[PDB]
Structures are given as C-alpha cells and as structure tokens.
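Chemist: This structure is in structure tokens; I'll ask about it shortly.
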Amino acid sequence: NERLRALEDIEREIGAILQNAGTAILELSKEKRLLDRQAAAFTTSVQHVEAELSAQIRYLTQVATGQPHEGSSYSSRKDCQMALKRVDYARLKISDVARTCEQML
Amino acid sequence: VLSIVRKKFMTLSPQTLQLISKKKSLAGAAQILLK
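Next up, the structure:
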C-alpha cells in the first residue's frame, strides 16, 4: 500500500530533480544569482532519488521463487455469488406472490 | 587528401567565437532539456 505511493513519489521527485537540474544549468549558463543554490538543490535531489531507488531495489525480496499469495479467497467470492443469487430468487418469488395477490384483490 | 599528403607536401577582431558559441550551445541544450 505505502510502497506504491513511495515509488510514485520517488518517480515524481526524480522527474522534478531532472527539471531542476536543467533549469539550474540554464540559469547558470545564461549569464553571469541563485545558480549555486539551485545547482546544490538539484544535486541533492538527484542523490536523494538515487538513494530512494537503491533502497526500493534493496527490498526484502518476498518470494522470488514461485507464484506467491496463491488463492484470492475464491470460496468467499462464490459464497457471496450464491447469496446474491438467493436474494434474487427470493425477490422474484416475492414479486410473483405480489402479482398473484394483486390479481386476487 | 591527408593520405595523399601522408605524395608531396609543403608549408604555406574581437569576435570571441568560443565565448559566444559556449552560450549558444548552452541555450540550445537547455531548451531541449526544459522541453
């Protein structure tokens, strides 16, 4: 759950770091203010993105041997399907009884 | 021409080309990078 958001934020930060490095290079090579701080921030963000990528790659490696988490609660799915079918059949029978009663009265 | 010379060889402005070319290439690369 949180690892997905972490990887998404890491990718967004890598993109932002690339953009900041490009902008800092442009501002520094245009003419010769904040170019030094911009380059420092860009280098720091690039290093942080690299560290985050290395940490995510150095994960616990849950299985890496076969198809893990086999069985997605299919029994519960089938039970819920049968319950819904029972409810639908009950509704149909109740509607039939109601039509019979309306024809009676 | 160089291989032929390797036949008979013989010996016979504030433009600031590099200064302007550096900034020109910097802007050209920065444009594509920002894009």
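In order, the protein sequences belong to chains H and L. Positions 8 to 39, 43 to 115 (the entry's author numbering) are the ones given, in order, by the first sequence. Positions 113 to 118, 120 to 125, 138 to 160 (the entry's author numbering) are the ones given, in order, by the second sequence. Note that the Cβ used here is the ideal one computed from N, Cα and C, for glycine as well.
Buried or exposed: H/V59, going by 16 or more other Cβ atoms within 10 Å of its Cβ?
Modeler: Here residue 59 of chain H is taken as the residue at index 49 of the first sequence, counted from 1. Burial call: buried.
Chemist: Quick one: grab the DSSP three-state call for H/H58.
Modeler: Looking up residue 58 of chain H in the first sequence gives position 48. The answer is helix: DSSP assigns H/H58 an H, G or I state.
Chemist: Report back the beta-carbon spacing between H/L35 and H/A28 to the nearest angstrom; my notes put them in contact at under 8 Å.
Modeler: Along the first sequence, one-based indexing puts residue 35 of chain H at 28. Along the first sequence, one-based indexing puts residue 28 of chain H at 21. Not a contact, Cβ separation roughly 11 Å.
Chemist: If the criterion is Cβ atoms closer than 8 Å, does the pair H/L14 and H/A31 meet it?
Modeler: To locate residue 14 of chain H, count along the first sequence from 1; it is residue 7. To locate residue 31 of chain H, count along the first sequence from 1; it is residue 24. Contact: no.
Chemist: Assuming H/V107 is part of the alpha helix (DSSP H), what are its boundary residues?
Modeler: For the purposes of this step, residue 107 of chain H is taken as the residue at position 97 of the first sequence. It spans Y84 to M114 - the alpha helix (DSSP H) in which H/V107 sits, taken as one unbroken run.
Chemist: Write down the C-beta distance between H/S64 and H/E20 rounded to the nearest angstrom, noting that I regard them as a contact closer than 8 Å.
Modeler: Start at 1 with the first residue of the first sequence, and residue 64 of chain H comes out as number 54. Start at 1 with the first residue of the first sequence, and residue 20 of chain H comes out as number 13. Contact flag wrong, Cβ pair sits at about 14 Å.
Chemist: Pull up the CB-CB distance for L/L159 and H/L33, whole angstroms please, since I reckon it's below 8 Å.
Modeler: Walking along the second sequence from the start, residue 159 of chain L turns up at place 34. Walking along the first sequence from the start, residue 33 of chain H turns up at place 26. Right, the Cβ-Cβ distance comes to about 6 Å (below 8 Å), so this counts as a contact.
Chemist: At what residues does the alpha helix (DSSP H) containing L/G153 begin and finish?
Modeler: Within the second sequence, numbered from 1, the residue matching residue 153 of chain L stands at position 28. Where L/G153 is concerned, the enclosing alpha helix (DSSP H) stretches over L142 to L159.
Chemist: Compare the C-beta of H/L33 with all C-beta atoms of chain L and state if any pair is closer than 8 Å.
Modeler: Here residue 33 of chain H is taken as the residue at index 26 of the first sequence, counted from 1. It does; some Cβ of chain L falls within 8 Å.
Chemist: Does the separation of the CB atoms of H/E62 and H/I24 fall below 8 Å?
Modeler: In the first sequence, residue 62 of chain H corresponds to position 52, counting from 1. In the first sequence, residue 24 of chain H corresponds to position 17, counting from 1. In this structure, H/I24 does not lie closer than 8 Å to H/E62 by Cβ.
Chemist: Quick check: what's the CA-CA separation for L/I116 versus L/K149?
Modeler: For the purposes of this step, residue 116 of chain L is taken as the residue at position 4 of the second sequence. For the purposes of this step, residue 149 of chain L is taken as the residue at position 24 of the second sequence. Rounded to whole angstroms, L/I116 to L/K149 spans 37 Å at the Cα level.
Chemist: Helix, strand or coil for H/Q72, going by three-state DSSP, please let me know.
Modeler: Translated into the one-based positions of the first sequence, residue 72 of chain H becomes position 62. H/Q72 falls in the coil class under three-state DSSP.
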